[PDB]
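Let me begin by presenting the structure, written as structure tokens, before commenting on it.
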Amino acid sequence: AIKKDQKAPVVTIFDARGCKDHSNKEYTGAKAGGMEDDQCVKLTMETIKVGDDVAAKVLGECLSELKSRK
Amino acid sequence: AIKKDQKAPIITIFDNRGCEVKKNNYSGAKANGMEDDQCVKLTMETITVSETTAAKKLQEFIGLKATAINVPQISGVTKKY
Amino acid sequence: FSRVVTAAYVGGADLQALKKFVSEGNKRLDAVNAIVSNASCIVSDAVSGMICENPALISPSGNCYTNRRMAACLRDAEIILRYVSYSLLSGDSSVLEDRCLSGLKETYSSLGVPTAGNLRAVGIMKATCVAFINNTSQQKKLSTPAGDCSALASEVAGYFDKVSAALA
Amino acid sequence: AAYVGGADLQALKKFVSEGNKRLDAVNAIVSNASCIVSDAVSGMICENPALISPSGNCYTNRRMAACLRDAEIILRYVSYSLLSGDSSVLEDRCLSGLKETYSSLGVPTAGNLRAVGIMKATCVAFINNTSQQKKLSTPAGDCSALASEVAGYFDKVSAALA
Ligand SMILES: *CCC1=C(C)C(=O)N/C1=C\c1[nH]c(/C=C2\N=C(C[C@H]3NC(=O)C([C@H](*)C)=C3C)C(C)=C2CCC(=O)O)c(CCC(=O)O)c1C
Ligand SMILES: *CCC1=C(C)C(=O)N/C1=C\c1[nH]c(/C=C2\N=C(C[C@H]3NC(=O)C([C@H](*)C)=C3C)C(C)=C2CCC(=O)O)c(CCC(=O)O)c1C
Ligand SMILES: *[C@@H](C)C1=C(C)C(=O)N/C1=C\c1[nH]c(/C=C2N=C(/C=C3\NC(=O)C(CC)=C3C)C(C)=C\2CCC(=O)O)c(CCC(=O)O)c1C
Ligand SMILES: *[C@@H](C)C1=C(C)C(=O)N/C1=C\c1[nH]c(/C=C2N=C(/C=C3\NC(=O)C(CC)=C3C)C(C)=C\2CCC(=O)O)c(CCC(=O)O)c1C
Ligand SMILES: *[C@@H](C)[C@H]1/C(=C/c2[nH]c(/C=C3N=C(/C=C4\NC(=O)C(CC)=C4C)C(C)=C\3CCC(=O)O)c(CCC(=O)O)c2C)NC(=O)[C@@H]1C
Ligand SMILES: *[C@@H](C)[C@H]1/C(=C/c2[nH]c(/C=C3N=C(/C=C4\NC(=O)C(CC)=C4C)C(C)=C\3CCC(=O)O)c(CCC(=O)O)c2C)NC(=O)[C@@H]1C
Ligand SMILES: *[C@H](C)[C@H]1/C(=C/c2[nH]c(/C=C3N=C(/C=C4\NC(=O)C(CC)=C4C)C(C)=C\3CCC(=O)O)c(CCC(=O)O)c2C)NC(=O)[C@@H]1C
Ligand SMILES: *[C@H](C)[C@H]1/C(=C/c2[nH]c(/C=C3N=C(/C=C4\NC(=O)C(CC)=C4C)C(C)=C\3CCC(=O)O)c(CCC(=O)O)c2C)NC(=O)[C@@H]1C
């Protein structure tokens, strides 16, 4: 059943092959010996929130594009 | 010179031909024509981006690979400047 | 990933193993990347398309009147999109049905959140995600190696269909 | 707020070139403003990821917000230049003094040049209806002059910040 806490999984995909300037310290499991050592998936569970700024800007777009009838 | 109040013109385009809702924001002379159903709104307001939004956009950007459909690709993996 | 739902970092040998536990692991991760990295647009395009086709939704009588209501609607569309993105990552709809859809229709009925608008918002998001996966752009205008992702697209389409069925 | 409708709007349309088409072109920007800003700041960053490294200028929510904000400010003054048919307000209220502000803060020039370039390309595609999404319906015709005019406005931004 929905928890009514508005929390949802937030997935981030890091295809970091060739990137050197970030310290790959977040994954602490064994290495693959392959390209996956430069690749990482992150998952967190977060309260999904929408700021008033976005609510107002999306409304502003909407008001600029109500479909004409003719 | 920029005022450093971060205010910019917000323009809304109302082409509301065929809309049955009556609005009275415009107080000038009538067109007796299509422009009685059309309006341009202009305000000058502080442009605001919340830190909630900035956090959410960072998460969308931080993969550094995905794009809109059918657009040029310029992504990289090194510092350019 | 069950732990986090009920921060995880899967990389290296864990990621290598994860890819052999789902079908088409690499393409699946590309599809997730396309969806989550465009989430704000996907969500606002669906909610604003719902509205531009039925402007009464932001009339004083409409359910999306006021920033607070518009924010709640945009939020819900994003909640749905994220649980669909999780279903694509995990290869199944269990968490989507249990944590996103079970009890939602009754919640919307009690709130007066309109069914017609919800179905249209979901339907626009579905079409958008399917198009991101079945993207036939020329390679120079595509972030992934060009190829066939039609099976993944059908799978994501089915997850959106579970949303629509729960809300109708 | 100012509301220009009815006979005042007929006058506006007559006092600029290609009035009705110009409003379609303006609407192609403002009805897509959040996507335009997103593509520009995101592409700036994917080209140069150092911008969101722990020391980069877009690091932290406060700075990211300011950058997203500035891209929108620039975009909106360009949209106003297109509505009015000239760049006087853009130059006076958006560009004059902005390069020294950015130099004092350390806001990187090459980043602004990339963001502005993406915004220009995106606006031109929406105006000409060659974008992937074509949500605004127009009668068929040639809008290349309006597209070139807005391209000129973005180039004045680039010229002022370069
Ligand atoms: C706003 C989203 C959108 C919809 C919806 C639509 O239909 N088109 C949309 C966006 C759009 N983007 C461009 C052009 C560019 N976008 C980028 C940034 C992305 N490329 C990356 O590599 C990257 C990081 C991974 C991005 C994010 C770039 C670089 C361009 C090209 C800019 C240039 O100077 O040419 C357009 C214009 C497309 C066209 O010209 O046909 C549109 C419409
Ligand atoms: C915003 C994310 C995005 C990026 C980035 C990109 O490159 N394409 C993107 C979006 C996208 N949207 C659709 C389909 C639809 N979008 C809408 C809403 C808009 N249409 C309106 O009339 C309107 C108010 C004026 C809008 C806002 C609609 C209605 C659809 C069609 C849904 C359907 O039933 O088919 C797509 C799908 C591909 C396409 O071009 O249709 C995509 C990728
Ligand atoms: C038809 C598209 C429609 C239906 C159907 C519906 O239920 N609601 C509809 C439209 C609608 N309009 C607005 C807000 C504004 N409309 C404006 C247009 C004009 N104002 C005028 O004075 C004239 C005559 C020249 C117009 C053509 C303007 C300026 C609007 C904004 C007012 C403001 O600044 O607040 C909405 C939003 C909700 C509302 O105000 O009713 C809707 C839903
Ligand atoms: C290369 C693209 C790059 C340059 C150049 C630069 O200046 N910054 C660059 C990358 C970058 N990465 C990140 C954040 C994360 N990168 C992650 C990747 C991995 N972590 C690992 O352990 C492994 C091994 C399997 C990875 C491939 C992760 C997980 C990141 C998120 C960290 C978090 O959630 O806290 C950034 C953001 C800023 C930073 O932390 O460095 C940048 C700019
Ligand atoms: C439909 C989804 C789109 C499409 C996808 C496509 N991708 C590939 C190949 C690869 N994709 C990846 C991506 C990742 N692997 C990871 O571990 C991670 C980080 C978590 C990512 C982002 C990889 C590694 C590959 C292998 C090739 C490479 O090393 O670059 C293909 C090719 C076929 C295949 O299965 O390998 C395809 C078709 N292509 C499209 O056109 C659709 C829009
Ligand atoms: C380039 C921008 C695209 C293009 C535009 C195009 N538009 C028209 C005709 C009209 N455009 C409008 C738009 C508005 N008028 C308003 O008052 C408002 C609200 C403020 C809007 C949004 C209208 C009303 C018309 C019809 C005018 C009439 O009297 O019939 C054309 C036709 C040529 C012309 O100059 O009228 C064109 C070419 N078309 C494209 O294909 C490009 C993608
Ligand atoms: C947008 C497309 C539609 C719309 C949405 C709308 N929803 C609400 C309020 C609620 N939505 C939820 C949904 C969830 N809670 C969860 O925990 C989960 C799963 C993780 C979901 C999907 C809930 C619980 C509420 C009420 C409580 C709350 O907001 O915290 C609103 C506001 C309703 C009101 O009367 O205030 C709106 C506007 N509205 C539309 O018109 C579109 C069709
Ligand atoms: C984003 C593409 C780029 C970038 C942006 C960035 N800007 C700032 C700070 C400021 N920006 C302005 C700009 C204006 N103020 C105005 O009144 C107007 C005209 C209406 C404009 C254009 C100003 C005044 C500031 C400073 C004051 C303030 O923000 O309130 C920042 C923050 C700088 C800091 O160190 O805190 C940033 C990050 N940064 C980039 O990396 C991109 C190239």
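A, B, ... follow the sequence lines: proteins, then strands. Residue 1 opens every chain. In what follows, every heavy atom counts, from backbone to side chain, and hydrogens, waters and symmetry copies are set aside.
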Please determine, among [options], the option with the most heavy-atom pairs under 4.5 Å with chain A.
options: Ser85(C), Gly12(C), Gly49(C), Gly103(C); answer: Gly12(C)
options: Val36(C), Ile80(C), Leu29(C), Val5(C); answer: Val5(C)
options: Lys19(C), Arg99(C), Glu53(C); answer: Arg99(C)
options: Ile51(C), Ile79(C), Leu81(C); answer: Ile79(C)

Side chain, backbone, both or neither: which part of [X] has a non-hydrogen atom closer than 4.5 Å to chain A?
X: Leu101(C); value: backbone
X: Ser40(C); value: neither
X: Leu89(C); value: side chain
X: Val4(C); value: both

Is any side-chain N of the basic residue among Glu61(A) and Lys57(A) closer than 4.0 Å to the acidic one's carboxylate O?
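No, this pair does not count.
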
Run the salt-bridge test on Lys31(A) and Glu36(A) with the 4.0 Å N-O cut-off and return the result as yes or no.
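The answer is no: the pair does not qualify as a salt bridge.
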
Atom pair NE2 (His22(A)) and CG (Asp38(A)), whose distance is rounded to the nearest 0.5 Å:
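Here the interatomic distance stands at 11.0 Å.
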
If only atom types and distance count, is the side chain of [X] paired as donor or acceptor with the main-chain N or O of [Y] below 3.5 Å?
X: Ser64(A); Y: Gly60(A); value: no
X: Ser59(C); Y: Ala56(C); value: yes
X: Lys67(A); Y: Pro55(C); value: no

For a quick test of reading the model, state the closest non-hydrogen atom pair linking [X] to [Y] and the distance between them.
X: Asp92(C); Y: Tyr159(C); value: N-OH, 3.2 Å
X: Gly11(C); Y: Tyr27(A); value: O-CZ, 3.0 Å
X: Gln16(C); Y: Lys20(C); value: O-CG, 3.3 Å

Side chains of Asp98(C) and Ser102(C): donor-acceptor distance under 3.5 Å anywhere?
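On atom types as modelled, these side chains do not qualify, holding no pair under 3.5 Å.
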
Residue pair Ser23(A) / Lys25(A), side-chain donor-acceptor N/O under 3.5 Å
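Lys25(A) and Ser23(A) do not have a side-chain donor-acceptor pair below 3.5 Å.
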
Pair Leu63(A)-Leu59(A), side-chain contact (heavy atoms from CB on, under 4.5 Å): steps then yes or no:
CA-CA 6 Å; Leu63(A) 285 172; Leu59(A) 176 65; 4.0 Å; yes

Considering only distance and modelled atom types, tabulate donor-acceptor pairs under 3.5 Å from the side chains of residues 63-75 of chain C, sequence neighbours left out.
{"residue": "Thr66(C)", "atom": "OG1", "partner": "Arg69(C)", "partner atom": "N", "Å": "3.2"}
{"residue": "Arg69(C)", "atom": "NH1", "partner": "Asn63(C)", "partner atom": "O", "Å": "3.2"}

When heavy-atom pairs shorter than 4.5 Å are enumerated against chain C, which of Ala56(A), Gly34(A), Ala55(A), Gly51(A) gives the highest number?
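Looking at each of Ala56(A), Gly34(A), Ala55(A), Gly51(A) in turn, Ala55(A) comes out on top.
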
Give the interface residues of residues 5-18 of chain A toward chain C, defined by a heavy-atom separation under 4.5 Å.
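When heavy atoms of chain C are the reference, residues 5-18 of chain A contributes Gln6(A), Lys7(A), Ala8(A), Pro9(A), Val10(A), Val11(A), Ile13(A) within the under-4.5 Å range.
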
Can I get a per-line list of side-chain donor-acceptor pairs under 3.5 Å for residues 41-50 of chain A, giving both atom names and the distance, sequence neighbours left out?
{"residue": "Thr44(A)", "atom": "OG1", "partner": "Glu46(A)", "partner atom": "OE2", "Å": "2.5"}

Pull out the residues in residues 108-133 of chain C that come under 4.5 Å of chain A, heavy atom to heavy atom, sorted by number.
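Checking residues 108-133 of chain C against chain A gives no residue, so none.
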
